[PDB]
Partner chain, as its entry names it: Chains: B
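Only one chain is given next, in structure tokens, and it is the form deposited without the partner chain.
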């Protein structure tokens, strides 16, 4: 038996719609913001970010736990064999999004996982060098878009990098108020919105087979 391409939480029709709509409003707003227009040189008339992030999920949004490549990825067998994964397979979850973000490479939403959902977060031996210093599960995100040259993999790395700055106290003071939250400028083309109300999205834990 081969494993899926990857396991993860796949958001319902309605919830994918809410998050997608919310990510796309952020993009028109960030692209229209004075603070962003000024720093556009450190990013790349106005730039239309919805177009910039041309490579979008075409259907339902998802939050990846463990990329398996059908069993070719390190720790895939390990992960899939866990009681918690088999038990959770096909179960419903509510995910909490705390922030939307943008970099020159990706646009995503930061997921904050409950301890129960953390039981489903992988515990691999090959761990990212930007992951260290952050709790397990900090990589948890939903990808909203990518630049032409970029793989959706980059979104997770982009998120860790951004939070590696937050833990360093390197976010600074907010440079704007969008209707949903406070806008931060991390430098190096990076931007974070901390949501006033975290949005709850519904999702099913299952496997995706390409």
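Whichever C-alpha set is largest while still superposing within 1.5 Å between the two forms counts as the rigid core. Positions refer to the first chain, counted from 1.
The same protein also exists as the form solved in complex with the partner chain; that form is not shown, yet it is the one meant from here on.
S.K.: Within 4.5 Å of the partner chain in the deposited bound form, do we find a heavy atom from each of 10, 90 and 203?
M.R.: Result yes, every residue of the spot touches the partner chain.
S.K.: In the deposited bound form, is there a heavy atom of the partner chain that lies within 4.5 Å of any heavy atom of residue 60, even though the partner is absent here?
M.R.: Residue 60: yes, in contact with the partner chain in the deposited bound form.
S.K.: Which residue, 94, 86, 91, 72, is displaced 2 Å or more at the Cα between the shown form and the other one after superposing the core?
M.R.: Flagged residue: 72.
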